[PDB]
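Shown next, in structure tokens, is the structure this report addresses.
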Amino acid sequence: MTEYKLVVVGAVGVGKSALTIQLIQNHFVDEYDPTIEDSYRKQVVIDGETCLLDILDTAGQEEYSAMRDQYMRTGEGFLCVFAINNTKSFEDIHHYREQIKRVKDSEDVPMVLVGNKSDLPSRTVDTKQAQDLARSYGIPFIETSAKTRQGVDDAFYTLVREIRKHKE
Ligand SMILES: [N]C1=N([C]C(=O)[N]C2=[C][C]=C(F)[C]=[C]2)[C]=[C]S1
């Protein structure tokens, strides 16, 4: 069976486990829990093929810099999640971008920019603005409304399509 090794990156206040738990057990949690390390695995049927998705939810802080540069060597699919309400987490993508290209040692890497809390009234970053920077890097921007569970499942398939095309 085809297994996909992905890492869940981001900052504190975006919705890390809010995406995982919502797609894994279909549950939305209001309380935020500072995660350090764990393994989330689930089987998904795409294009008639059943595959296993292994996602590692690491600390959403620049605490373990050495460890950050470690797992970044596996650039299968980077989930660039940010909060549309927090511009700081959006402009933080560049901070990771400069490192990603260094660790991956490749200019071309299939990544997906997903904005969370899109169903929330508090919006600072606009879709066009987000897409402006996204297209600057060469990555697509998707809307991920966690609370309503809209686009969360579909957006997960988009990255798989990228990985498949990056192969052959
Ligand atoms: N989770 C866990 N495991 C599995 C794996 O591998 N994962 C991953 C990899 C890489 C990346 F990047 C992300 C995720 C083992 C132990 S714990």
| Cα Rg, Dmax, the chain, angstrom units | 15.1, 42
| With springs only between Cα atoms under 10 Å, which of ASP57, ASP47, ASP153 fluctuates most in a Gaussian network model of the chain? | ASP47
| query | Suppose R0 equals 35 Å; then what is the FRET efficiency for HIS27 and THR124 from their Cβ-Cβ distance, rounded to the nearest 0.05? | reply | 0.80
| remark: Which residues qualify? For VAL114, with a placed amide H closer than 5 Å and at least 5 residues away or on another chain, they are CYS80, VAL81, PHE82, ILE142
| task | Sort the stretch 1-83 into rounded, prolate or oblate with this rule: let a ≥ b ≥ c be the square roots of the eigenvalues of the Cα gyration tensor; rounded if a/c is under 1.5, and if a/c is not under 1.5, prolate when a/b is larger than b/c, oblate otherwise. | result | oblate
| field | the chain: most fluctuating residue of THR74, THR58, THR144 per GNM, C-alpha cutoff 10 Å | value | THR74
| task | Within the stretch 55-149, list the chymotrypsin sites (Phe, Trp or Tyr not before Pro) lying in a DSSP loop whose Cβ has at most 15 other Cβ atoms in a 10 Å radius. | result | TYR64
| Order of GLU91, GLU143 - criterion: other Cβ atoms within 10 Å of each residue's Cβ, fewest first | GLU91, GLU143
| In nm, spacing of pseudo-spin labels at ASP132 and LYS167 (7 Å Cα→C-beta vector) | 3.8 nm
| message | Could you work out how much longer the chain between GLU63 and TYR4 gets when fully extended? Use 0.36 nm per residue separation minus the Cα distance between them, nm to one decimal. | response | 18.7 nm
| query | Is there a pair in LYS42/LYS117; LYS5/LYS128; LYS117/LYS167 whose C-alpha atoms are over 29 Å apart, and which pairs would that be? | reply | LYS5/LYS128; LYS117/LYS167
| field | Separation of the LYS88 and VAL45 label points, Cα + 7 Å toward Cβ, nm | value | 4.5 nm
| said: Could you work out how much longer the chain between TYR71 and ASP38 gets when fully extended? Use 0.36 nm per residue separation minus the Cα distance between them, nm to one decimal. | reply: 10.5 nm
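Methodologically, a virtual Cβ is constructed for each residue, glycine included, from the backbone with ideal geometry; neighbour enumeration extends over all protein chains shown. All of the numbers you see were taken from the coordinates with simple rules; none came from a lab.
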